[PDB]
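# Descriptive structure summary
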Amino acid sequence: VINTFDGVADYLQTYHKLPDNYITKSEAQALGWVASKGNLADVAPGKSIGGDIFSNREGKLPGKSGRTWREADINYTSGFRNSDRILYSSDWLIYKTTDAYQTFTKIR
């Protein structure tokens, strides 16, 4: 039940378990999450998407000898998303972007 940058980062840097309130795009999409609807507050009155998996071969986030990268929605309540998005890696390095997957400033 968390959707804030540092809050999610701390949660992950300390408990590593994705905040109890996130879902992978697939699950969200397969559960019924549709773009021409943005259904979410109904089936999940307070949940934020996030928890997918990515290798970052595009080198869009910090890398090394084999790096794992995953994202998560931020600042959501009930309705649709916005531009606040958090990025966390295998090593738990967390970065933040507020321009809809555009500028990734580091936070942890």
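Per the deposited record, determination of this structure is attributed to solution NMR.

Let us now look at helix α1 (residues 5–15). Listed as buried for α1 are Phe5, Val8, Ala9, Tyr11 and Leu12. Taken around the axis of α1, the buried residues stretch over an arc of 160°, which confines them to a single face. Turned more than 90 degrees from where α1 packs its buried face, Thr14 and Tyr15 sit exposed.

By the element assignment, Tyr11 lies in helix α1. Dropping the residues within four chain positions of it, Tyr11 is found in contact with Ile2, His16, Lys17, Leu18, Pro19 and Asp20. Here the side chain of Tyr11 touches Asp20 through a polar contact of 2.4 Å, side chain to side chain.

One number sums up the size of the largest pocket: a volume of about 200 Å³. When residues of the lining of the largest pocket are assigned to their parent elements, the largest contribution, three residues, is made by strand β3 (residues 69–73). In terms of residue class, the lining of the largest pocket is built from seven nonpolar, one polar and five charged.

A word on the sheet that holds β3. Strands in a sheet are paired, the pairing made by backbone hydrogen bonds, and the direction either parallel or antiparallel. Pairing within the open sheet is antiparallel, and its four strands lie in the order β3-β4-β5-β6. Only two strands of the sheet have a single neighbouring strand rather than two, namely β3 and β6 (105–106). The pairing of strand β4 (residues 85–89) with strand β5 (residues 94–97) spans four bridges and is classified as antiparallel. Bridge pairing in β5 links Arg85 to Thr97.

Attention now moves to empty space enclosed by the protein. Within the structure shown, the criterion is met by one cavity of 30 Å³ or more. Considered as a void within the structure, the largest cavity measures approximately 50 Å³ in volume. What lines the largest cavity is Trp33, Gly38, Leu40, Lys47, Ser48, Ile49, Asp73, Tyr76, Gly79, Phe80 and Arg81. Classifying every residue of the lining of the largest cavity gives five nonpolar, three polar and three charged.

Reading the values: the criteria
- Residues numbered from 1 in each chain as written, not as in the entry; some residues may be left out.
- Heavy atoms only, no water.
- Buried < 20%, exposed > 50% of the residue type's maximum accessible area, 1.4 Å probe, protein only.
- Helix = DSSP H or I, 4+ residues; strand = E, 2+ residues; numbered from the N terminus.
- Arc of directions from axis to C-beta.
- Contact = heavy atoms within 4.5 Å.
- Polar contact = N/O pair within 3.5 Å; in protein donor to acceptor, adjacent residues only side chain to side chain.
- 1 Å grid on protein atoms, 1.4 Å probe; cavity = no way out; pocket = protein on both sides within 12 Å on 5 of 7 lines; lining within 4 Å.
- Points joined across faces, edges and corners; volume = space filled by probe spheres on them.
- Nonpolar A, V, L, I, M, F, W, Y, C, P; charged D, E, K, R; others polar.
- Pairing = 2+ DSSP bridges.

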